[PDB]
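Protein chains in written order, with the deposited numbering: chain I, 5 to 531; chain i, 5 to 531; chain b, 2 to 530.
Heads up, the beta-carbon is just placed ideally off N, CA and C, and yes, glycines get one too.
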Amino acid sequence: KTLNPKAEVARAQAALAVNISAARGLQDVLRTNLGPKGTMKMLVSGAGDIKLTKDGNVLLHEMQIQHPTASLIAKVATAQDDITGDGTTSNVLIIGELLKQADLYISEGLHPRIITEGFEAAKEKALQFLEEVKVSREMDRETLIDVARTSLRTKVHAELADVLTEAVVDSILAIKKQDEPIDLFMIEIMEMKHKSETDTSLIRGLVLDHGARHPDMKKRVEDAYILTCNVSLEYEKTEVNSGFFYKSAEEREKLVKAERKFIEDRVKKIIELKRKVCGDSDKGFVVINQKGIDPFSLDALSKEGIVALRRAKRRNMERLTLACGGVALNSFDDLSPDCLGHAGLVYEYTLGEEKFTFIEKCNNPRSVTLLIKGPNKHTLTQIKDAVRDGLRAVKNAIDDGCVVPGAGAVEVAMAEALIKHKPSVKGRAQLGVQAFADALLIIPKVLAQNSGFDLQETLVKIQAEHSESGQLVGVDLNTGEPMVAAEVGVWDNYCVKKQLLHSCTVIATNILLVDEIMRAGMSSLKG
Amino acid sequence: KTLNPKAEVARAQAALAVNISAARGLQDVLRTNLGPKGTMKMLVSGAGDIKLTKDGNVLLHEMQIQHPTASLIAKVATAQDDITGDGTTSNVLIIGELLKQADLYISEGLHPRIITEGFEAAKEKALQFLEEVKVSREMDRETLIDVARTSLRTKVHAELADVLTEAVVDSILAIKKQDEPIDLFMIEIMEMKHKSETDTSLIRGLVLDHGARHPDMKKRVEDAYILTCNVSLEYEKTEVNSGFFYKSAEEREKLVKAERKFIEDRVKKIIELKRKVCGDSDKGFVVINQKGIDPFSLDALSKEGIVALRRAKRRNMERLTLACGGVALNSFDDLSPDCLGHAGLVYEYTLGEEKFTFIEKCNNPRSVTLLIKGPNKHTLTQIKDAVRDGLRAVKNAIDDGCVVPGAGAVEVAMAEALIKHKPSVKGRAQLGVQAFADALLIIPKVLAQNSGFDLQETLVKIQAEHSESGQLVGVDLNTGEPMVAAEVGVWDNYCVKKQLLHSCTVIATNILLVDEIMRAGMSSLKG
Amino acid sequence: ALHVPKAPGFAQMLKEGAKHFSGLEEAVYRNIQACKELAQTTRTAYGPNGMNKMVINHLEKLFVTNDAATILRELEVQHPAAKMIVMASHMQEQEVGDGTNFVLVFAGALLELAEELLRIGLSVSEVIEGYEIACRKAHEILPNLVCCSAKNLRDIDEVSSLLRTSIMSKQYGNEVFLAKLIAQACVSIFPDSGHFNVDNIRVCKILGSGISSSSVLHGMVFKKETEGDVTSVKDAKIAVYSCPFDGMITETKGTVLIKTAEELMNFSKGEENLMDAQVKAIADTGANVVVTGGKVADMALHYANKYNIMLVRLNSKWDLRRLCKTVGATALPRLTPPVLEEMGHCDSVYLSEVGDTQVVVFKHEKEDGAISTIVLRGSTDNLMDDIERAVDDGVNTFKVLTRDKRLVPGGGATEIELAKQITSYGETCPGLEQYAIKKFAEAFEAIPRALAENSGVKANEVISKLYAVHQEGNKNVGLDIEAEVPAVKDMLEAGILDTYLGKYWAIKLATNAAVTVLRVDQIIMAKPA
Ligand SMILES: Nc1ncnc2c1ncn2[C@@H]1O[C@H](COP(=O)(O)OP(=O)(O)O)[C@@H](O)[C@H]1O
Ligand SMILES: Nc1ncnc2c1ncn2[C@@H]1O[C@H](COP(=O)(O)OP(=O)(O)O)[C@@H](O)[C@H]1O
Ligand SMILES: Nc1ncnc2c1ncn2[C@@H]1O[C@H](COP(=O)(O)OP(=O)(O)O)[C@@H](O)[C@H]1O
Ligand SMILES: [Mg+2]
Ligand SMILES: [Mg+2]
Ligand SMILES: [Mg+2]
């Protein structure tokens with residue numbers, strides 16, 4: 005204040021109160037999205053774009069809040085989202101509950117170091133319990149189906165959820181190999197604004213966003229070959245600056261006829277290769293080019309019955325090679341017939357102004373394409389986000405050799421273990437262990453509040469049913485009665501929960517140790 | 005809100021959060037004025053006045069806070085102060101703790117009606133316990149001395165506190181009666197600006213703020229008589245507009261003497277009365293008038309050695325009548341010598357521009373006068389406020405036929421009684437009873453925090469000592485060891501604590517039943 | 002960028018325009034720094050070798066004084082930490098009248114020596130207790146260092162030798178003449194059985210020659226003129242009248258009623274006859290000069306000049322009472338002839354002029370009398386004001402000496418001896434109060450250091466030599482002034498004596514201000530109006 009009069013600095017109590025208020029606000033705001041019985045939010049940008057999503061990360065990024073703690077929470081949520089998959093709202097909920105439980109004991113007159121030590125001990129105990137309670141499975145087709153259904157149940161209704169689950173399972177089984185990790189960047193997500201959303205199916209092949217350009221071309225071929233290349237077929241100029249010099253009109257015409265001979269050689273080579281491969285009027289030939297094609301080459305290809313596609317993406321070079329089985333060559337050196345692909349049905353579709361290209365009927369494809377349909381843009385975005393979340397959950401369940409039951413029995417078991425473990429710890433860490441155990445029980449409280457039942461009575465009944473038994477008694481969302489979680493079909497993940505707990509502990513340790521938010525920067529008010 | 009766009013309004017959760025934040029902010033500030041180990045405050049007004057006080061009622065008004073809840077709290081504190089006396093800081097602390105304990109259980113899925121119903125039963129049980137836990141004594145001099153010392157210990161240091169306690173006890177015993185209640189408005193509070201040491205004693209008599217006007221009057225008068233009157237002695241005009249109509253200078257002189265003969269007759273009557281009362285020259289005559297005196301009467305009375313005063317207040321006449329025992333007559337009709345007072349030593353003191361008169365040495369005085377002495381104005385105001393608080397505490401202890409030990413043993417006993425009576429209440433009022441029992445333990449916590457020791461361990465030790473032996477084990481402020489409050493000499497009040505608890509319950513009931521703050525008033529802005 | 006909000010509790014409801022300083026760094030340390038900055042201002046003007054200061058207030062005036070009281074009064078400080086010291090100095094000046102800069106220096110030194118204790122770890126309670134114990138010890142040892150008392154109070158060859166030390170500290174150079182004048186003025190007004198008043202000395206500023214041309218006057222003076230033509234009066238019989246020298250009328254509004262011509266012709270004649278009769282009856286008692294206190298008339302003035310009656314008109318509601326108390330007369334509210342016991346016998350009443358200013362001198366040939374008047378001569382108003390302030394300080398010192406005839410060795414030996422005794426007593430004091438006692442003992446060395454800084458010598462060597470002299474055996478040895486070499490000199494043989502009760506009250510008020518400043522925790526202010 006004495007050195008910089010235009011600087012705002014806060015002490016320890018003020019900064020702690022501000023952080024606690026921000027955490028409580030972020031917890032109360034993102035609390036109606038936990039569980040499938042939650043509410044749907046509507047976000048409108050500055051340009052007038054309606055977005056109907058249910059993810060916690062998108063809702064936190066599109067909420068218009070300027071705060072350092074809120075920015076850190078948003079960054080942590082984005083990191084969790086793009087590292088694991090599903091676990092954004094629960095992260096903020098547990099962080100806020102832990103901060104509230106810590107402030108409840110700090111305001112009475114305690115030290116943050118003992119609270120941090122107790123939180124670390126409780127996190128270690130919970131990690132040990134989760135590592136000793138996880139059950140091993142073989143992950144068959146029914147397990148992945150149930151996992152995808154449980155992951156997609158909190159997005160749409162029942163029919164769309166099951167359709168997306170089946171589509172994701174089929175795509176994963178199609179892109180499944182015998183070894184090596186599951187490589188992504190293979191399932192193309194194409195959105196079409198026609199028909200309804202109930203007509204979502206999986207296409208065993210690749211769906212392009214552009215079709216042919218020449219009107220005198222074939223539209224439906226029963227049997228054709230796939231040629232993947234990226235050579236240039238346009239009038240390319242030399243690197244060094246050159247110039248033509250003629251004398252009369254005959255020399256000019258000769259130079260014009262001779263300057264278009266480089267692409268003519270490639271056209272003749274392609275024609276000869278097609279005539280050697282096919283021969284009669286029984287098979288077709290599709291040319292997939294990444295660059296543009298001159299109109300002369302297009303007409304020359306259409307004169308023989310060749311459907312060529314120009315201007316393609318770089319990601320389609322690997323998907324076509326993995327699906328059909330061709331060779332993505334760059335030059336026309338060793339043009340062998342074995343470097344081609346096999347097709348089954350090459351037909352296009354017109355949707356007003358845009359054009360599509362569907363490649364179906366394949367032998368053994370390895371990169372499928374999910375077709376998404378929606379009447380609106382927000383619905384398409386929500387379906388795409390749900391499909392991405394389901395794919396991430398399936399990948400996380402496949403990469404791990406264990407399964408964790410959902411509902412809230414794991415949190416109750418962790419709280420019981422922490423309650424049974426606090427008397428074994430010395431010092432003042434018992435209060436921290438109790439706070440960590442009470443903060444972990446916020447998932448069933450929110451799950452029971454959004455359904456329409458009580459909270460304290462439900463928690464008491466769950467604890468009474470779990471203490472007298474030895475099974476994972478979950479929390480039901482239909483009648484409120486305590487039921488089994490690892491018996492109906494509710495599942496979750498292990499690494500995702502571990503990363504969530506680690507991030508929560510790191511955030512709690514970073515917040516409980518910061519008590520000075522000094523701002524001594526340049527205002528930049530010159531001119 | 006749609007009818008008036010320029011009007012702010014809060015909902016159910018927003019108004020509750022605002023009220024809770026305001027209560028917490030008001031509690032976190034007044035938490036440093038509990039017990040004699042508190043910190044002093046320095047208030048600076050807009051003009052440049054410095055005030056050094058430690059009371060909570062003055063701090064709640066000199067804090068410059070614009071808030072409805074803060075205004076209500078300040079009004080309740082002022083009402084408690086000017087109705088009973090000492091009981092504002094503890095009242096605000098208990099109100100804040102109760103509001104915090106109620107908000108802790110409100111944000112969990114409960115209705116404030118159950119909390120109010122539980123608080124009602126808790127207050128009833130606390131009143132039933134206080135009606136039997138009080139101790140009745142004979143109320144001798146030692147009990148009043150100890151009560152005044154305990155009330156004044158949290159104001160100044162030690163020697164000044166004992167001096168003020170002795171002065172208050174002496175004044176109370178002097179104004180004490182056997183049939184009439186303790187009447188106030190009798191002890192004059194005179195301030196001085198010299199001798200800030202051991203000089204704030206008690207004066208057996210009366211000290212005025214005005215002396216003699218004629219320089220020829222006597223300064224120190226021995227045995228004299230006191231004459232209390234309020235008749236006018238100036239040139240009083242008639243009610244009807246009149247006028248003189250003289251002819252020459254002789255008629256003018258005659259009319260001048262005629263209008264003065266009316267006062268000359270009264271002067272001669274007073275002279276004759278003084279001559280009949282005295283006779284020789286070993287006695288004097290003091291005249292106390294309430295109105296002004298013309299210089300002619302002052303010069304006429306100075307020839308006989310009369311020290312008369314002019315321009316006095318209304319309470320001074322009553323104080324003189326109660327001390328000396330004369331008759332405060334209004335007219336000079338039946339001027340009998342029996343309507344006079346008796347004095348002993350009357351001397352005029354001069355302090356620069358001001359002038360005072362000391363009327364001491366009386367037969368049986370009933371109205372004393374406390375002579376306050378201080379170095380500056382803030383110290384004088386602080387000593388005056390401390391004397392007023394001590395007098396109020398002594399009056400409250402005398403008017404009641406019972407005593408209550410101070411410290412924090414009463415709160416611990418009430419909390420233990422509420423805990424023992426907690427499972428004996430049906431319904432969901434157990435949470436409210438627990439919250440009320442935990443909210444009453446804020447006084448020992450604040451006392452231990454201000455003393456310089458632990459809080460949780462000290463409270464646990466106090467509870468263990470109270471449960472292991474049924475005694476009034478208080479909380480020490482020097483070593484932190486469990487000591488007996490009734491053995492040292494710490495005493496409080498019963499009616500004051502009852503009124504404090506009633507006000508706290510009323511404030512809690514009025515706050516917990518309000519969840520809407522609307523401001524739809526007129527702006528009163530035209531332009 | 003990112004902006005931080007406010008604290009949801011008390012900072013939001015703090016209201017704009019006000020301030021809050023709850024921490025010890027932004028409150029106690031700020032007050033200590035403010036007090037140190039205030040003490041560093043009036044530090045060079047303490048001893049006799051200190052320079053003066055020219056302060057100008059907002060009234061476009063001129064005040065070139067040397068006392069710290071006038072400087073603190075003409076400063077307008079907007080800080081409570083310095084306002085407390087200003088109030089303490091004002092209280093000390095009102096009580097004694099010669100101990101403001103000393104109190105300020107003591108408070109500043111105490112705060113500076115307690116700031117380091119609070120920084121290293123000593124709390125406010127232990128520091129306050131140690132300071133109170135040290136103050137009690139100093140007040141107990143103080144009466145043990147007298148060894149000097151005043152004999153007679155009416156001797157002119159003894160009073161001027163006591164106030165010379167106090168006069169030299171305020172007016173260096175010309176002090177013997179001022180001391181002699183003050184002693185003569187105090188002797189000429191000294192009554193009996195004690196009871197010395199401070200309002201019995203009147204100061205008159207007349208722009209004349211130099212300072213040596215001033216003298217004393219056994220009586221009173223007034224800067225007015227004579228209404229009549231009578232000037233030189235030998236045996237003057239003063240008859241003071243509080244009523245205005247005019248015809249008395251009625252208080253109630255009343256007019257005169259005339260009908261016939263006889264009344265209209267005889268009214269003025271009868272009025273003039275009554276006026277002449279009253280004038281003749283007033284002058285028949287033997288009065289030679291009439292001093293009125295109101296409006297005069299033309300006919301009354303003419304009748305007084307016809308019978309050779311001097312008329313003096315003045316209105317001040319205080320000078321009339323002073324003249325009545327001096328000449329021994331009473332005021333009459335009517336135009337009645339006075340009695341023999343209500344006459345004002347004087348010696349010589351004339352009208353002269355000095356320095357181009359007509360003044361009425363009421364010189365009396367009596368050695369005793371009542372009050373006196375000191376006439377000042379100079380060429381600048383600032384010098385006359387400084388001389389008047391020095392005369393007032395000398396009168397206050399004489400009053401203090403009359404109230405208490407106990408003397409203490411001045412200069413700087415008393416403070417050194419007190420510090421040595423406190424250090425020797427605090428050595429056997431266990432606990433944590435020994436540090437506070439040693440710090441309080443170190444605060445007494447600020448007076449000799451300031452004296453050496455104002456004189457122009459090394460303070461450390463002077464302090465070391467004084468400590469060595471005090472440890473050798475001598476106790477009444479201070480610091481020499483008329484020597485450029487830092488040496489020592491005896492204070493009892495020279496005559497550097499100051500009051501004891503004044504210094505005791507100054508130390509008490511300084512300790513009170515110090516503990517009051519230390520007792521302040523947090524600061525809560527509002528917005529200026
Ligand atoms: N059908 C269901 N039955 C029981 N519990 C469920 C069901 N669907 C979701 N849940 C619970 O709701 C919680 C929130 O899930 P969700 O919002 O989909 O993702 P996140 O766990 O990242 O918030 C999960 O912890 C899960 O245990
Ligand atoms: N010397 C003491 N010993 C024990 N308890 C004390 C002492 N002085 C004050 N207290 C306690 O501190 C509490 C606060 O007292 P105080 O702040 O003076 O007035 P108020 O009770 O109005 O806040 C009282 O309830 C009293 O029991
Ligand atoms: N002749 C002298 N020699 C040395 N010191 C002197 C002399 N006269 C005065 N002093 C010092 O001046 C101090 C007082 O100076 P002054 O500012 O006039 O009064 P105050 O006591 O109000 O500060 C005394 O403490 C004394 O030690
Ligand atoms: Mg989810
Ligand atoms: Mg009290
Ligand atoms: Mg001086």
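Cβ-heavy atom distance, residue i to ligand 6, below 7 angstroms
i, result
"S170 (chain b)", "yes"
"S124 (chain b)", "no"
"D386 (chain b)", "no"
"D394 (chain b)", "yes"
"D403 (chain i)", "no"
"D99 (chain b)", "yes"
Contact set for residue i: own chain, Cβ-Cβ below 8 angstroms, skip 5 residues either direction
i, result
"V494 (chain I)", "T154, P409, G410, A411 and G478"
"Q386 (chain I)", "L56, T57, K58, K159 and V160"
Residue i Cβ short of 7 angstroms to ligand 2 heavy atom set
i, result
"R157 (chain i)", "yes"
"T483 (chain i)", "no"
Own chain, CB closer than 6 angstroms to residue i, minus 5 neighbours either side, in chain order
i, result
"residue 3 (chain i)", "Beyond the ends of chain i as shown, which are 5 and 531, falls residue 3 (chain i); an answer cannot be given."
"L349 (chain I)", "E364 and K365"
beta-carbon residue i near ligand 4 non-hydrogen atom, thresh 7 angstroms
i, result
"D166 (chain I)", "no"
Cβ-heavy atom distance, residue i to ligand 1, below 7 angstroms
i, result
"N37 (chain I)", "yes"
Close Cβ partners of residue i (< 7 angstroms) along its chain, the five nearest in sequence each way excluded
i, result
"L451 (chain i)", "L38, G39, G412, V479 and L481"
"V204 (chain b)", "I375, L377, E389 and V392"
heavy atom of ligand 5 below 7 angstroms from residue i C-beta
i, result
"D85 (chain i)", "no"
"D90 (chain i)", "yes"
Check: residue i C-beta below 7 angstroms from any heavy atom of ligand 3
i, result
"residue 534 (chain b)", "Here chain b comprises residues numbered 2 to 530, so residue 534 (chain b) is not present and cannot be evaluated."
When the Cβ atoms of the segment 53 to 71 of chain I are set against those of the segment 463 to 480 of chain I, are three or more pairs found closer than 8 angstroms?
-> With the cut-off at 8 angstroms, the segment 53 to 71 of chain I and the segment 463 to 480 of chain I do not touch.
The segment 36 to 64 of chain i: positions lying closer than 7 angstroms to chain b by Cβ = Considering only beta carbons, the part of the segment 36 to 64 of chain i lying closer than 7 angstroms to chain b consists of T43, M44, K45, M46, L47, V48, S49, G50, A51 and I54, in chain order.
Residues from the segment 259 to 284 of chain b in contact with chain i, defined by Cβ distance under 8 angstroms = Those would be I259, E264, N267, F268, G271, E272 and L275, in chain order.
Chain-ordered residues of the segment 13 to 26 of chain b with a beta carbon less than 7 angstroms from chain i = Here the close residues are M14, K16 and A19.
Short-range partners of chain b found in the segment 75 to 103 of chain i, where Cβ spacing is below 8 angstroms | Residues are counted here when their Cβ sits less than 8 angstroms from a Cβ of chain b; for the segment 75 to 103 of chain i the count is zero.
Pull out every residue of the segment 210 to 232 of chain b whose Cβ sits closer than 7 angstroms to any Cβ of chain I, in chain order.
-> Those residues of the segment 210 to 232 of chain b that come within reach of chain I (Cβ to Cβ, closer than 7 angstroms) do not exist; the list is empty.
Would you call the segment 510 to 529 of chain b and the segment 41 to 57 of chain i in contact, with 3 or more CB pairs under 8 angstroms?
-> Because the criterion of three Cβ pairs below 8 angstroms is met, the segment 510 to 529 of chain b and the segment 41 to 57 of chain i touch.
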